[PDB]
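Notes follow the structure.
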Amino acid sequence: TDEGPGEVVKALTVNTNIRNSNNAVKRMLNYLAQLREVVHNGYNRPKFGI
Amino acid sequence: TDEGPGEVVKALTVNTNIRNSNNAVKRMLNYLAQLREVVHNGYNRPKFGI
Amino acid sequence: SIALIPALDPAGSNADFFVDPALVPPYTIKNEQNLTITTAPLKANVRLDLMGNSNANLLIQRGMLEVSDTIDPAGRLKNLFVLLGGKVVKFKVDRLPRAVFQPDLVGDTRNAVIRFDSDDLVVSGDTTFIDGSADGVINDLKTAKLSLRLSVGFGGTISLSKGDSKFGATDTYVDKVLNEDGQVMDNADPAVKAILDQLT
Amino acid sequence: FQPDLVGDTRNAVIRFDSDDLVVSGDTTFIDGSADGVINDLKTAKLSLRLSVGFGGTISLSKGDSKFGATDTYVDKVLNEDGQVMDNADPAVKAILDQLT
Amino acid sequence: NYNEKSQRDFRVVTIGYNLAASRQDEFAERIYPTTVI
Amino acid sequence: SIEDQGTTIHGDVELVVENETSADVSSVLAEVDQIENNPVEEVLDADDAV
Amino acid sequence: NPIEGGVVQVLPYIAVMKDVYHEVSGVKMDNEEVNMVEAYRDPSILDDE
Amino acid sequence: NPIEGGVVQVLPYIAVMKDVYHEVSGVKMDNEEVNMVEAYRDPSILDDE
Amino acid sequence: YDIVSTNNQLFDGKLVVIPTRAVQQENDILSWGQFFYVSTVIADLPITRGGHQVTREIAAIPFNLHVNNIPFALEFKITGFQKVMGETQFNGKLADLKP
Amino acid sequence: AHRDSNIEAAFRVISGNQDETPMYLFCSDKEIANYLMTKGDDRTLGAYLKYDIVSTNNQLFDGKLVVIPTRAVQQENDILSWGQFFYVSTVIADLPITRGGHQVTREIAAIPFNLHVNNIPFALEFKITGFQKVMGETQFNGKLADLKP
């Protein structure tokens, strides 16, 4: 085909943008899981590397 | 080479056109094969799908 | 070189998509390249990836085909193989009006539907089985000066972008038994019944 | 019904092809019974999806109709969570052995 | 054809399909504000 | 732009600099126009054809 | 219109299809394809590693 | 045209029919219908007593 | 406080409370998390993938990172909406007390 | 159901309007409608959701309340409409017919030509019963009396 993408190529950006929000949701929930384990265990004071 | 093809590029259409004539010949003979079988069998009336 | 011909895996991984060799032995075909492909008719009432099982998939590398490979909607039902009296008869139906692929009007726009309905599959004393023999039912038709008109229904769908295909065949019937002149004979006639009793 | 794109323009074609025909433990027979396959299927906490095909052509001017049904298969056997079970599992084999 | 009732020609409606997404949804953006690096 | 270019040999690279990028592809797919004009090949009524 | 006799509904969409090679003996191509519209409710269909 | 990619041939005709009533059972409508064109070679299809 | 909602399937009756600076100031560590975005480059090239066919492939390559700053959260699993709005909560109990 | 379904995305993507949400119709009989219409001054449900109330006296719908989405602003062949009524002009035929072979009567017949089609796979179905035993009887003091020894 000689003609290029119409608007469909913009769906690649839309896909990426949705993945960005998805990564934010998974990252938040996975962070909560890590935080739950650290707080569950004996780590009630601020320190580096936990 | 970045110059491009010469007139030999038209041989591709010639090959196609020669094939076009041979395809008419093959289809003609294959059609006669259909008539041989159908007319040999009991089909002496017009009908769809024969 | 662009023909899509179902091919048999030398390892036998896809043998369940094809007619059992006992009825229709596989045969060998070669393309323009020196590569050789083993092919056989597909089994009726089968669902398969039509492109994945094609000669194009097993030609050079087993998994070469990708979504870029698509099926031409301008296809046709080439042959039907019928088990007639214990032996297979090959019917060439390639150019018949009912053999052409049609668009599927309800569903995916790239789905092609096959609806081959014909009452004009002739079997007579001049018919031969796939192996060249003309004994059994055919010989009885020859000596009785009778000809059968079989009725078959072959349907299926092909997803032209995906390669997925689903096929099915309806019950096969003898629509007419004709004499040499071309008239219909009653099925109670001992000459006609003796033959029809063999087509179970 | 669909138009017959090849042949007589008055033919109506039905091509019903569905892999989503579902038979759950709640489904009952025409007589209202839930015995047999339904019982065993329900008590095993299974669900079963059939693959069916039904085709035919009707002449809308002549009334000449031909219908045919293709071989029917069991496509998937699911759990209540949507998981498709392997058919080799004796929990689902008993149902497949009844559906002969 | 005693009754040439329409079977082939029908009115067609094209259903719209317009996908969109911002770099992050308002939800993700408020939680993880965007910084350009 | 990639929308206009066709199978560039050396390739094309673009950077997305948009906060959002909607993609309306309702009219892109060519089969839609064919269907809109003729869901099925136009055929005259039997009486109109003769 | 009485000539139109009914309506046809044409639904274009963009589908996210998984990059899969065709199987030699596969019954149905194992391509987990989903309408892109589901990515709003369940965007996990877009995950690729 | 490349956009068309095919042709359909529409063949109209006037058929000769018998006014046969629909049967209670039957396998098909027993109406020996033929194309009126056949009447030029075999006009006996038109005989009516 | 402020209320932000999503229709993501991953959040199902999961209210989470997180602090953030009331006024956001570009790259501010006091944001609960940050989204570090660089580019989304789109490239087109006729790759001969598989060595036996050519397809023009237009690809978008994301380049970004989500980072968490504040280790504080309160996670609430909230269910029972249909049980307290769709069923009697007071008069039904008095009926249950009926001898 | 609004959360679990993808209805919010469906309208936003199909309508072409970045900011588009469904409006819900409360489909009820006359008895139920008398209660839902109470204060129609501001018909909202959640943060943004709006609704409208439509009623019928059809016996088939007696005692039923069904809530369905619709496009807030209706257009022509709107796919986003919960269902559609595809109507072709009705024909009234007038011809003297010897009906039965022995009697001659002019028969004027109106022949319908229409179809109802459903688009959206969404419904909320409510079976509401027992108004008379709630508004015509004690619901609180009577129960306390029942606890009497």
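For the structure tokens, the naming scheme is as follows: chains receive sequential letters (A, B, ...) according to their order of presentation, residues are indexed from 1 within each chain, and ligands are indexed from 1 in presentation order.
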
Chain E residues near chain F (6 Å cut-off, only C-alpha atoms) as an MDAnalysis selection string: chainID E and resid 12 16:23

Would you save the residues of that selection, restricted to C-alpha atoms, as a compact mmCIF listing (two decimals), in the first residue's frame?
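So the final result, stored in part-v9.txt, reads:
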# COMPACT_ATOMS: atom_id res chain seq x y z
CA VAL E 12 -25.96 0.82 6.95
CA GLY E 16 -17.90 5.39 15.77
CA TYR E 17 -14.65 4.32 17.37
CA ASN E 18 -12.38 7.04 18.80
CA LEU E 19 -9.73 5.93 21.29
CA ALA E 20 -7.91 8.46 23.46
CA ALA E 21 -5.59 8.49 26.45
CA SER E 22 -3.52 11.16 28.15
CA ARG E 23 0.11 10.57 29.10

Spatial neighbours of segment 12-29 of chain H, max dist 9 Å, only C-alpha atoms, sep filter under 4 positions, as number ranges by chain: D: 62-65; F: 46-47, 49-50; H: 33-37, 39, 45-46

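Residues of chain E that DSSP, applied to the backbone, places in strand (DSSP E): residues 11, 12, 13, 14, 18, 19, 34, 35 and 36 of chain E.
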
Alpha helix (DSSP H) call set, DSSP backbone run, chain A, as a ChimeraX atom specification: /A:10-40

8 Å contacts from chain A to chain G using only C-alpha atoms, as a count of residues only: 4

Over every C-alpha pair, in sequence order, do a least-squares fit of chain G onto chain H and save the fitted chain as a compact mmCIF listing (two decimals) with N, CA, C and O atoms, in the first residue's frame.
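So the final result, stored in result39.txt, reads:
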# COMPACT_ATOMS: atom_id res chain seq x y z
N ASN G 1 -11.80 -3.01 -11.75
CA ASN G 1 -11.13 -2.16 -10.79
C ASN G 1 -10.55 -3.01 -9.66
O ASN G 1 -11.20 -3.97 -9.22
N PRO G 2 -9.35 -2.70 -9.18
CA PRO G 2 -8.80 -3.46 -8.05
C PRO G 2 -9.66 -3.41 -6.81
O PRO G 2 -9.56 -4.30 -5.96
N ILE G 3 -10.49 -2.37 -6.66
CA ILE G 3 -11.42 -2.32 -5.54
C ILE G 3 -12.58 -3.30 -5.75
O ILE G 3 -13.05 -3.93 -4.80
N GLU G 4 -13.06 -3.42 -6.99
CA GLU G 4 -14.15 -4.35 -7.26
C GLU G 4 -13.72 -5.79 -7.05
O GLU G 4 -14.45 -6.59 -6.46
N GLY G 5 -12.53 -6.14 -7.51
CA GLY G 5 -11.96 -7.43 -7.15
C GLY G 5 -12.63 -8.62 -7.79
O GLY G 5 -12.34 -9.77 -7.43
N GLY G 6 -13.55 -8.38 -8.73
CA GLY G 6 -14.27 -9.48 -9.35
C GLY G 6 -15.60 -9.03 -9.91
O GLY G 6 -15.94 -7.84 -9.87
N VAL G 7 -16.36 -10.00 -10.42
CA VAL G 7 -17.60 -9.71 -11.12
C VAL G 7 -18.73 -10.60 -10.63
O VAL G 7 -18.52 -11.78 -10.33
N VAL G 8 -19.94 -10.05 -10.54
CA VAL G 8 -21.14 -10.80 -10.23
C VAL G 8 -22.05 -10.80 -11.44
O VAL G 8 -22.27 -9.76 -12.07
N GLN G 9 -22.57 -11.97 -11.80
CA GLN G 9 -23.39 -12.14 -12.98
C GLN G 9 -24.82 -12.40 -12.56
O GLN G 9 -25.10 -13.40 -11.89
N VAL G 10 -25.73 -11.50 -12.93
CA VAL G 10 -27.12 -11.56 -12.52
C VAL G 10 -27.95 -11.99 -13.71
O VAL G 10 -27.96 -11.31 -14.74
N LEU G 11 -28.66 -13.10 -13.58
CA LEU G 11 -29.39 -13.71 -14.69
C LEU G 11 -30.88 -13.70 -14.41
O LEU G 11 -31.41 -14.66 -13.82
N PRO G 12 -31.60 -12.64 -14.79
CA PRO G 12 -33.06 -12.67 -14.72
C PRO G 12 -33.66 -13.52 -15.84
O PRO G 12 -33.13 -13.59 -16.95
N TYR G 13 -34.78 -14.16 -15.53
CA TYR G 13 -35.49 -14.94 -16.53
C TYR G 13 -36.93 -15.11 -16.09
O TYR G 13 -37.28 -14.85 -14.93
N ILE G 14 -37.78 -15.54 -17.02
CA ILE G 14 -39.17 -15.87 -16.72
C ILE G 14 -39.29 -17.38 -16.70
O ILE G 14 -38.94 -18.06 -17.67
N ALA G 15 -39.76 -17.92 -15.59
CA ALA G 15 -39.90 -19.36 -15.40
C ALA G 15 -41.36 -19.74 -15.55
O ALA G 15 -42.24 -19.04 -15.05
N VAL G 16 -41.61 -20.85 -16.23
CA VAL G 16 -42.96 -21.41 -16.32
C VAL G 16 -43.11 -22.45 -15.22
O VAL G 16 -42.47 -23.50 -15.24
N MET G 17 -43.97 -22.15 -14.25
CA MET G 17 -44.18 -23.01 -13.10
C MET G 17 -45.57 -23.60 -13.15
O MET G 17 -46.52 -22.95 -13.58
N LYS G 18 -45.68 -24.85 -12.73
CA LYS G 18 -46.93 -25.58 -12.83
C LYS G 18 -47.81 -25.23 -11.64
O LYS G 18 -47.31 -25.06 -10.52
N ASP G 19 -49.11 -25.09 -11.88
CA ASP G 19 -50.03 -24.70 -10.83
C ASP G 19 -50.27 -25.85 -9.86
O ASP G 19 -51.04 -26.76 -10.16
N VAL G 20 -49.62 -25.81 -8.70
CA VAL G 20 -49.62 -26.94 -7.79
C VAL G 20 -49.93 -26.44 -6.39
O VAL G 20 -49.39 -25.42 -5.95
N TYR G 21 -50.81 -27.15 -5.69
CA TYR G 21 -51.05 -26.86 -4.28
C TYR G 21 -49.95 -27.48 -3.42
O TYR G 21 -49.36 -28.50 -3.77
N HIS G 22 -49.68 -26.84 -2.30
CA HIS G 22 -48.64 -27.34 -1.41
C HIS G 22 -49.11 -28.61 -0.72
O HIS G 22 -50.25 -28.69 -0.24
N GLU G 23 -48.24 -29.61 -0.68
CA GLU G 23 -48.58 -30.88 -0.07
C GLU G 23 -48.46 -30.79 1.45
O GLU G 23 -47.70 -29.98 1.98
N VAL G 24 -49.25 -31.61 2.15
CA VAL G 24 -49.14 -31.63 3.61
C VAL G 24 -47.82 -32.26 4.03
O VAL G 24 -47.12 -31.72 4.90
N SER G 25 -47.45 -33.39 3.43
CA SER G 25 -46.27 -34.13 3.84
C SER G 25 -45.16 -34.14 2.80
O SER G 25 -44.24 -34.95 2.90
N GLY G 26 -45.23 -33.26 1.80
CA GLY G 26 -44.27 -33.28 0.72
C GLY G 26 -42.86 -32.91 1.14
O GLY G 26 -42.66 -31.96 1.90
N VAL G 27 -41.87 -33.66 0.65
CA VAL G 27 -40.48 -33.31 0.90
C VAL G 27 -40.06 -32.12 0.05
O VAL G 27 -39.39 -31.20 0.53
N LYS G 28 -40.45 -32.11 -1.22
CA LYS G 28 -40.10 -31.01 -2.11
C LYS G 28 -41.28 -30.76 -3.03
O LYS G 28 -41.87 -31.70 -3.55
N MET G 29 -41.63 -29.48 -3.20
CA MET G 29 -42.80 -29.12 -3.99
C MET G 29 -42.68 -29.66 -5.41
O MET G 29 -41.72 -29.34 -6.13
N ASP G 30 -43.65 -30.47 -5.82
CA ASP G 30 -43.61 -31.12 -7.13
C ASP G 30 -44.10 -30.16 -8.20
O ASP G 30 -45.14 -30.35 -8.83
N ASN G 31 -43.32 -29.11 -8.40
CA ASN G 31 -43.62 -28.05 -9.36
C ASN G 31 -42.65 -28.15 -10.53
O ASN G 31 -41.48 -27.76 -10.44
N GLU G 32 -43.14 -28.65 -11.66
CA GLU G 32 -42.21 -28.85 -12.77
C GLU G 32 -41.97 -27.51 -13.44
O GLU G 32 -42.61 -27.17 -14.44
N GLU G 33 -41.01 -26.75 -12.91
CA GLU G 33 -40.73 -25.41 -13.38
C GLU G 33 -39.52 -25.43 -14.29
O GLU G 33 -38.49 -26.05 -13.98
N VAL G 34 -39.64 -24.74 -15.41
CA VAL G 34 -38.61 -24.74 -16.44
C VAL G 34 -38.42 -23.31 -16.90
O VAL G 34 -39.38 -22.55 -16.97
N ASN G 35 -37.18 -22.95 -17.19
CA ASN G 35 -36.92 -21.65 -17.77
C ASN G 35 -37.66 -21.52 -19.09
O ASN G 35 -37.61 -22.42 -19.93
N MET G 36 -38.36 -20.40 -19.28
CA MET G 36 -39.15 -20.22 -20.48
C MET G 36 -38.30 -20.40 -21.73
O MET G 36 -38.82 -20.76 -22.79
N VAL G 37 -36.98 -20.17 -21.63
CA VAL G 37 -36.10 -20.25 -22.78
C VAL G 37 -36.10 -21.65 -23.39
O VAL G 37 -35.90 -21.81 -24.60
N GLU G 38 -36.35 -22.68 -22.57
CA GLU G 38 -36.42 -24.03 -23.12
C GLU G 38 -37.67 -24.24 -23.96
O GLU G 38 -37.77 -25.28 -24.62
N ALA G 39 -38.64 -23.33 -23.91
CA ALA G 39 -39.83 -23.54 -24.71
C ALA G 39 -39.53 -23.46 -26.20
O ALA G 39 -40.34 -23.93 -27.01
N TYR G 40 -38.40 -22.88 -26.57
CA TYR G 40 -38.04 -22.80 -27.98
C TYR G 40 -37.57 -24.15 -28.50
O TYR G 40 -37.93 -24.57 -29.60
N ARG G 41 -36.76 -24.86 -27.71
CA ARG G 41 -36.32 -26.20 -28.10
C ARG G 41 -37.37 -27.25 -27.82
O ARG G 41 -37.62 -28.12 -28.66
N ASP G 42 -38.01 -27.20 -26.65
CA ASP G 42 -39.01 -28.18 -26.24
C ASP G 42 -40.24 -27.45 -25.73
O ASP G 42 -40.37 -27.22 -24.52
N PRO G 43 -41.16 -27.06 -26.61
CA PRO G 43 -42.30 -26.25 -26.16
C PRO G 43 -43.37 -27.07 -25.48
O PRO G 43 -44.43 -26.54 -25.12
N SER G 44 -43.14 -28.37 -25.30
CA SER G 44 -44.09 -29.25 -24.65
C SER G 44 -44.28 -28.92 -23.18
O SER G 44 -45.26 -29.37 -22.57
N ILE G 45 -43.35 -28.17 -22.59
CA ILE G 45 -43.48 -27.73 -21.20
C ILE G 45 -44.64 -26.77 -21.00
O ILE G 45 -45.00 -26.49 -19.85
N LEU G 46 -45.23 -26.27 -22.08
CA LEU G 46 -46.31 -25.31 -22.02
C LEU G 46 -47.67 -25.97 -22.15
O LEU G 46 -48.69 -25.29 -22.07
N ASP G 47 -47.71 -27.29 -22.34
CA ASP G 47 -48.96 -27.98 -22.62
C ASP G 47 -49.83 -27.98 -21.38
O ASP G 47 -49.36 -28.32 -20.29
N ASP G 48 -51.09 -27.63 -21.54
CA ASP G 48 -52.04 -27.63 -20.45
C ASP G 48 -53.42 -28.01 -20.97
O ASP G 48 -53.93 -27.40 -21.91
N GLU G 49 -54.01 -29.02 -20.34
CA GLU G 49 -55.34 -29.49 -20.68
C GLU G 49 -56.32 -29.34 -19.53
O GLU G 49 -57.32 -30.06 -19.50

Residues of chain C within 12 Å of chain H, only C-alpha atoms counted, as a ChimeraX atom specification: /C:72-75,97,100-102,175

Counting only C-alpha atoms, what is within 7 Å of segment 65-70 of chain J, bar same-chain residues fewer than 5 positions away, as a PDB file with C-alpha atoms, in the first residue's frame?
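In the end it all went to around_22.pdb:
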ATOM      1  CA  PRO J  22     -24.566   7.331  29.958  1.00  0.00           C
ATOM      2  CA  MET J  23     -27.836   8.543  31.394  1.00  0.00           C
ATOM      3  CA  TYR J  24     -30.037   5.947  33.072  1.00  0.00           C
ATOM      4  CA  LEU J  25     -33.797   5.637  32.604  1.00  0.00           C
ATOM      5  CA  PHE J  26     -35.930   4.300  35.428  1.00  0.00           C
ATOM      6  CA  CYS J  27     -38.504   2.157  33.629  1.00  0.00           C
ATOM      7  CA  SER J  28     -41.412   1.532  35.973  1.00  0.00           C
ATOM      8  CA  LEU J  80     -25.781   4.203  21.885  1.00  0.00           C
ATOM      9  CA  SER J  81     -29.538   4.013  22.464  1.00  0.00           C
ATOM     10  CA  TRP J  82     -30.434   1.047  24.651  1.00  0.00           C
ATOM     11  CA  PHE J 122     -26.944  -3.839  30.220  1.00  0.00           C
ATOM     12  CA  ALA J 123     -29.952  -4.048  32.526  1.00  0.00           C
ATOM     13  CA  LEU J 124     -30.816  -3.675  36.198  1.00  0.00           C
ATOM     14  CA  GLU J 125     -34.030  -5.518  37.016  1.00  0.00           C
ATOM     15  CA  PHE J 126     -35.990  -4.892  40.215  1.00  0.00           C
ATOM     16  CA  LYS J 127     -39.114  -6.686  41.426  1.00  0.00           C
TER      17      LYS J 127
END
